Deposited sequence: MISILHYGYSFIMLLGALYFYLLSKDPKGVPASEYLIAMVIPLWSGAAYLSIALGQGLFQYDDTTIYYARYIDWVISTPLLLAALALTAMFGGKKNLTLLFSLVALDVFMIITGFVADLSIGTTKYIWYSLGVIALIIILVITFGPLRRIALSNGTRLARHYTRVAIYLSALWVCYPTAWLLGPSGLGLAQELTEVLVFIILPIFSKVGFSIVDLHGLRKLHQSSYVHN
C-alpha cells in the first residue's frame, strides 16, 4: 500500500508540473521565473517520492524516510520564494528578506533530519531549533513581508494574505505529525503518518501554486 500510494503521488506531481507549463504559455503578466518555480517543486518532490515507491528512499528498529528531507530541502525554500515574490508583485524585490527565509527554511529541514537520526533528549533539542526557525518564518510572513504586500495595493495584499494563511495552516501540520508519529512520541502509527505525508504535500505543493498563480493572473484584468 505504502509503495502504491508513493507511485500515485509522483503521477499527480507530474500532472501538476504539466498544468503549470501550459499556464506559462499564456503568462497573463506573471514573470517566467514564477512558472519555473511552480514546475520544479512538484517534479523534484515526485522524483524523491518515486525513490520511496521503489524502496530506495528509506533505511531501518525504526524506519527513516530520508527521501522526504531530500525533497523538502529543495521544495520548501522554493515555496517561500514563490510566497515572497507574491508579496513583491508589481513592486521592488527585497532579496535580503527573501534569502533570510531560504536560510531559516534550510536550517529547519536539516534540524528535522538530524532529530530523526538522534536518540533521547538530543532528538528534542534539534526538533526545538527547527520549531523556533518555523516561528520566525511565520513572524516574517505576517509582519514585514505582509507590509510589502500592503504597499503594492489592496487587491494584491488580499491575495497575499489568503495564500500566506493557506501555507501557514499546512506548514504547522508537519512538525505536529512528526512529533505524534514514530519519529517522536509514537502515539500515531506508521501507516497514519504516511497518509499525512502524502495528502499534505499535494495541497502544499500543487494546491498552493494553483491558488497563488490564479490570483496573480486575475490581477492582469
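Of the deposited sequence, positions 61-62, 224-229 lack any modelled C-alpha atom.
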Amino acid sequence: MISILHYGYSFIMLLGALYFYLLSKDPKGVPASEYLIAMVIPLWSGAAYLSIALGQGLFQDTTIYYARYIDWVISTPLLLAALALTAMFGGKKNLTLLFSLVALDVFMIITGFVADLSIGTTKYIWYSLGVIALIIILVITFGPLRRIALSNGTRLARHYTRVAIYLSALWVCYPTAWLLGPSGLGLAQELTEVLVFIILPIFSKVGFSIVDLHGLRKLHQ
From here on, numbers count along this sequence of modelled residues.
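Of the other compared PDB entries of this protein that include residues on both sides, at least a third leave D61 without atoms.
Stretch comparison (147-155 versus 107-115) by mean CA B-factor in the PDB entry places 147-155 on top. Look at the C-alpha B-factors of 24-32 and of 174-182. On average they run higher in 24-32.
When the C-alpha B-factors of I41, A164, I70, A188 are read from the PDB record, the largest value belongs to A188. Among all modelled residues in this chain, the alpha-carbon of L54 has a temperature factor (C-alpha) in the highest third. Among the modelled residues of its chain, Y9 has a C-alpha B-factor that falls in the middle third, as given in the PDB entry. The deposited CA B-factor of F142 belongs to the middle third of values across its chain.
When the modelled residues of the chain are ordered by C-alpha B-factor, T121 sits in the highest third. Ranked by Cα temperature factor within the chain, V196 sits in the highest third according to the deposited record.
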